[PDB]
Amino acid sequence: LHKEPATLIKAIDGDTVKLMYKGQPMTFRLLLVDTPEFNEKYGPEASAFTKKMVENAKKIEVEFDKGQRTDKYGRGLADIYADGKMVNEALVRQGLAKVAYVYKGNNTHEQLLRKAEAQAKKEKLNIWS
Ligand SMILES: Cc1cn([C@H]2C[C@H](OP(=O)(O)O)[C@@H](COP(=O)(O)O)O2)c(=O)[nH]c1=O
Ligand SMILES: [Ca+2]
């Protein structure tokens, strides 16, 4: 899998970010995770966590997986990195997202994310408390 360059346009919520990718604005939905909606418990924390992570980054990178690249809403589906750190993983490690929406073809980092979710669960972090 390849890391491609992109630049923050705007933080959206826990698992969606607007980025400029190949010179075009686009909404990215984070692969393999599900954060609570802003209106739900831990929703504001997950939005704040992703925000701080994408806004503090010197470098944002987008990585597509081996299946579908855009969903039925036209959102890009990707792993997002912030100065080398995967946002998808970091959210699950902190108990602010569940592993979810696992479809074959687009699950390269599945095991990694489950592994984070187990430690979060062990620590009773956030969603698991
Ligand atoms: C993460 C992800 C979501 N989706 C779609 C399925 C869901 O459809 P429905 O909207 O029909 O339920 C929706 C969930 O996104 P959200 O969690 O952002 O709402 O996005 C994909 O198709 N592939 C993906 O990899
Ligand atoms: Ca969500």
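Read-outs: derived from the displayed coordinates by stated rules, not from any lab. Note: ideal-geometry Cβ built from the backbone for every residue, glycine included; neighbour counts use all protein chains shown.
Which members of the range 51-98 meet the condition of being among the basic types (K, R), in a strand (DSSP E or B) and surrounded by fewer than 17 Cβ atoms within 10 Å (Cβ to Cβ)? The answer is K85, and nothing else. Output yes when any residue across the range 34-43 is assigned to a strand (DSSP E or B), among the acidic types (D, E) and in contact with a helix residue (DSSP H, G or I) (Cβ under 6 Å, 6 or more places away or on another chain), and no when none is. Within the range 34-43 (the criterion being assigned to a strand (DSSP E or B), among the acidic types (D, E) and in contact with a helix residue (DSSP H, G or I) (Cβ under 6 Å, 6 or more places away or on another chain)), the answer is no, since none of the residues qualifies. A Cβ distance below 9 Å, combined with a sequence gap of six or more or placement on separate chains, defines the contacts here; from the range 8-35, residues that are among the aliphatic types (A, V, I, L, M) reach residues that are more than 13 Å from ligand 1 (Cβ to nearest atom) and in a loop (DSSP other than H, G, I, E, B) in the pairs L8/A57. Would you mind stating whether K121 is in a helix (DSSP H, G or I), touching a residue at least 12 places away in the same chain (Cβ under 8 Å) and surrounded by fewer than 21 Cβ atoms within 10 Å (Cβ to Cβ)? Judged against the criteria, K121 is a match. Scan the range 35-47 residue by residue and report those that are surrounded by fewer than 18 Cβ atoms within 10 Å (Cβ to Cβ) and within 13 Å of the chain's Cα centre (by Cα). Within the range 35-47, none qualify.
Taking the range 1-33 as the search range and keeping residues that are away from ligand 1 (no atom under 16 Å from the Cβ) and in a loop (DSSP other than H, G, I, E, B), which one is farthest from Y81 (Cα to Cα)? Going through the qualifying residues, I end up with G23.
Determine if the range 63-75 includes at least one residue that is within 21 Å of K3 (Cβ to Cβ) and away from ligand 1 (no atom under 16 Å from the Cβ). Scanning the range 63-75, I find no residue that is within 21 Å of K3 (Cβ to Cβ) and away from ligand 1 (no atom under 16 Å from the Cβ), so the answer is no.
For the range 99-118, the set of residues classified as part of a loop (DSSP other than H, G, I, E, B) and either of a type in the set (V, I, T) or free of Cβ contacts under 8 Å to residues at least 40 places away in the same chain (or both) consists of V102, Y103, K104, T108, listed by residue number. If only residues of the range 1-31 that are away from ligand 2 (no atom under 12 Å from the Cβ) and closer than 20 Å to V99 by Cβ are counted, the one that is surrounded by the fewest Cβ atoms within 10 Å (Cβ to Cβ) is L1.
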